[PDB]
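The data below hold one chain only, encoded as structure tokens and taken in the form deposited in one PDB entry.
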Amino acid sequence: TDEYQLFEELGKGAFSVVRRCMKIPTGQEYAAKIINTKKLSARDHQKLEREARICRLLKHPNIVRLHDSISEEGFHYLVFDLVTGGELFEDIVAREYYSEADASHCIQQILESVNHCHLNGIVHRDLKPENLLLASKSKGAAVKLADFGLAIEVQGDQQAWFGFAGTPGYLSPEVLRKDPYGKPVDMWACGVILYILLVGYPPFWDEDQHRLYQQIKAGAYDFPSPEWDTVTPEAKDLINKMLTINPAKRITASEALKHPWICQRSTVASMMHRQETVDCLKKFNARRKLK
């Protein structure tokens, strides 16, 4: 800990904070989650070691890397390799060309990280734009799935009621019905994200959170004209299969990586520029920054 220098705030939590830090003797930059271990519940104490254990298990080019776990007097540090490219969604709105192919490229990377989570018995439970970063400012920076603070460990394909966790706009139907759930919830979130990547606004939305949940449980999304008239049928097909209410028939991550819009991207995904999507995303990002 004394080996690290702390700088600005990168995030905030109930009993934690995320700060940019640097390894003093070598100058390597990291993102450290600083948890005040003092006056911490037993429940909260198990969640902390569960996050450390989960992050330690995940080594993948599309997942953030845990560098160190540190226990000090009254504080605990979760040190991750720092990614400097910012949010994927903020990078897209800065582009001059953005098409289905780019969205397919992004979702493919997200699907690799989700598939690598599920192959290791880990369900993220909170897939959302804030947790989708870009490795660098380099042209071809890799997408990085971040923040496993809500992730859970599961055995095989055994569902269970693991609790009401996540973000309202991305919650699956089965979590809202308080049914047992598992890996498919991440794939419902990927469906929401993919929808937003194509048109720039969420498939489910309402001022009243109670109406939102009725929309989600009913699968009350559609592909309205005119913006969806130019989206390929294969792109709507992949979304459909992710936003499938029945969790058993919902497409898995390994199946989605073999969908023609993903694996045959160069000949299936449209290359047309979608400026209206860029414009909508700019508004979507602005609304997020308020809350």
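Note that residue numbering follows the sequence shown and begins at 1. Just so we're on the same page, rigid core means the largest C-alpha set that superposes within 1.5 Å between forms.
- Using the B-factors recorded in the PDB entry, average over the C-alpha atoms of 8-16 and of 274-282, then report which stretch comes out higher. The stretch with the larger average C-alpha B-factor is 8-16.
- Where do the C-alpha atoms have the higher mean temperature factor in this entry, in 200-208 or in 75-83? The stretch with the larger mean CA B-factor is 75-83.
- Using the entry's values, work out which of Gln108, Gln158, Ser172, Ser99 has the largest Cα B factor. Comparing C-alpha B-factors across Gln108, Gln158, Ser172, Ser99, the top value belongs to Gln158.
- Residue selected from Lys183, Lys139, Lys128, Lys178 by maximal Cα B factor: Spelled out: the listed residue with the top C-alpha B-factor is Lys139.
- Report the third (lowest, middle or highest) to which the CA temperature factor of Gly149 belongs, ranking only the modelled residues of the same chain. CA B-factor rank for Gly149: middle third.
- Can you work out whether the C-alpha temperature factor of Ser254 puts it in the lowest, middle or highest third of the chain? Within its chain, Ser254 is a middle-third residue by C-alpha B-factor, going by the deposited values.
- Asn62's Cα B-factor: lowest, middle or highest third of the chain? Answer is middle: the recorded C-alpha B-factor places it there.
- Message: Considering every modelled residue of the chain and its Cα B-factor in the PDB entry, is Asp229 in the lowest, middle or highest third?
- Response: Tercile = middle for this residue's CA B-factor.
- Query: Which third of the chain does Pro260 land in by C-alpha B-factor: lowest, middle or highest?
  - Reply: It falls in the middle third of the chain.
Below, we turn to the form deposited in another entry, even though it does not appear here.
- Query: Taking the rigid core as reference, does the Cα of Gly27 move 2 Å or more between this form and the one not shown?
  - Reply: Yes; that C-alpha moves by at least 2 Å between this form and the one not shown.
- Message: Could you check, with the core superposed, whether the Cα atom of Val268 shifts 2 Å or more between this form and the one not shown?
- Response: No, the C-alpha moves less than 2 Å.
- Item | Inter-Cα distance between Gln209 and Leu10 in the other form, nearer or further [3 Å or more] | Compared with the shown chain, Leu10-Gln209 is farther in the other form.
- Message: Distance change of 3 Å or more between the C-alpha atoms of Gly13 and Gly85 in the other form: closer or farther compared with this structure?
- Response: Residues converge in the other form, at least 3 Å closer.
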